[PDB]
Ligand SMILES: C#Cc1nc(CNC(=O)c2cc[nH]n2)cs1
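The data below hold one chain only, encoded as structure tokens and taken in the form solved without the named molecule.
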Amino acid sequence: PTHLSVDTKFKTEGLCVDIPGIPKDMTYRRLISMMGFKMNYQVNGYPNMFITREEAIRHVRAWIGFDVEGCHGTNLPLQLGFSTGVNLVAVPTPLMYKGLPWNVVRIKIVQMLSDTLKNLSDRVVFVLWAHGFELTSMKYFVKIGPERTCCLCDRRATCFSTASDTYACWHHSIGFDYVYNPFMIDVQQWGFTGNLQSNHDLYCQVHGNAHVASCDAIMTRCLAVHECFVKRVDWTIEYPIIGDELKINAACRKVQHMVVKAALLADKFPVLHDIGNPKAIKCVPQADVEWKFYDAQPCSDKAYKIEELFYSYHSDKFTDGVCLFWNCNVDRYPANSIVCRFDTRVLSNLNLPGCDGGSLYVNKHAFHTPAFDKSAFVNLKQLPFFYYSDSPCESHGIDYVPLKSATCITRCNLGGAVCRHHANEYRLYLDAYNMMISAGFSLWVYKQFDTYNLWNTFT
């Protein structure tokens, strides 16, 4: 069992206000037929338009919430809303577009999905809170058939053009008018009491209800992210590489080693309390310090309360030495800390919008991360950029312009002229550091941290 059987039952109660008289006994096979689509007994990679909760989770990057509200259904205008904030009015003749016929609305849908999804996913998963009008509108902008490849590349086809009779992926679909082989999931099938707003509002105060289709589309997708990534967490699911994942992760390890090594050299803490990932390894293995670990998985709902991580009776004395919180998100860091905190507000192909101000950071695994809160850092200050090295000044083995920088903390710089080796390493470090920052990571440190204390570690 990998795909959703078309013979699975579909609960129709949520559809009966838009579709009165709808049979209670209903399968996906009959529903797809009712929606105006014919599967023709085809074994060509597309067994069902609808997918399981598990298939949806693996394809979370493709999720686009979708809602259709009857503006006035054959004779009435429809308002199509998407979790991108777009509202389109389709006449059968928070962005709000005036009423237009389906032939032009479909081009806008294809353009919007393609620009939203080309750098995220090989597909689209329409996330529904199905009431009827959204399912019956699909025939006006969706075409289905065998799984196909793009006409200009090797990627799977996501769009079709009636002008050229050709197929394209999200990257080569300019001027295309049909969404081809989309996927969908009805959140109402999961078992809920009450309407969308009542279930959504139980976990989120950031998305309101301005009474438009896009608001419902946003709440639907938010509710789905809550159920799949906030209340339930699965770190066994791998996600494909779509960007700078490897460079970002490598940069994070480089910066962590640099910062902790320098804090230990500058302030000589006798003990380090490493709080976070239960699979953490000493980031400065050659350091003298008593290294003590404390297990905490990444918090996916609210930030950890420091009182619960530290109290209720370990070294016991977290006030001794320094505390290292490398992506261990707490409500208020103690004054003696070294912190890396992901900024959920960051715009990137890895960072998806999440629940209640949180974001869904997807890099190898999916991590729902609680909203970035500037007040968590009141006892600390921003960590300034610096490169420190005690390695020998020796080239070994790319061209050169002499490096002049006050933040290159090396013997050669102290001696008045940065060596080629330390200039190369400084520039590589600066690139890694800028990569980490741009990815959304933020660095904080105890207020007494001063890189002037590193110069005397060269005697």
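When you see a residue number, it is the position in the sequence shown, counting from 1.
The next section is about a form of this same protein that is not shown, the form solved in complex with the named molecule.
Practice prompt. Go ahead and superimpose the pocket C-alphas, place the named molecule as found in the deposited bound form, and count ligand atoms within 2.4 angstroms of backbone or C-beta atoms: 3 or more is blocked, zero is open.
Written response: Pocket blocked on this form.
Fill in: Contact residue in the deposited bound form, from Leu383, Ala376, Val89, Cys151 (heavy atom within 4.5 Å of the named molecule)
It is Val89.
Practice prompt. Tell me, out of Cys228, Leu128, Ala213, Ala157, which residue has a non-hydrogen atom within 4.5 angstroms of the named molecule in the deposited bound form.
Written response: None of the other options qualify; the answer is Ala213.
Worksheet item: Using 4.5 Å between non-hydrogen atoms, is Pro392 touching the named molecule in the deposited bound form?
Response: No, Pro392 sits far enough from the named molecule in the deposited bound form that none of its heavy atoms falls within 4.5 Å.
Worksheet item: Is there a heavy atom of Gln79 lying 4.5 Å or less from a heavy atom of the named molecule in the deposited bound form?
Response: Yes, contact at 4.5 Å.
Fill in: 4.5 angstroms heavy atom contact with the named molecule in the deposited bound form for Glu55
No - in the deposited bound form, heavy atoms of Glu55 and the named molecule never come within 4.5 Å of each other.
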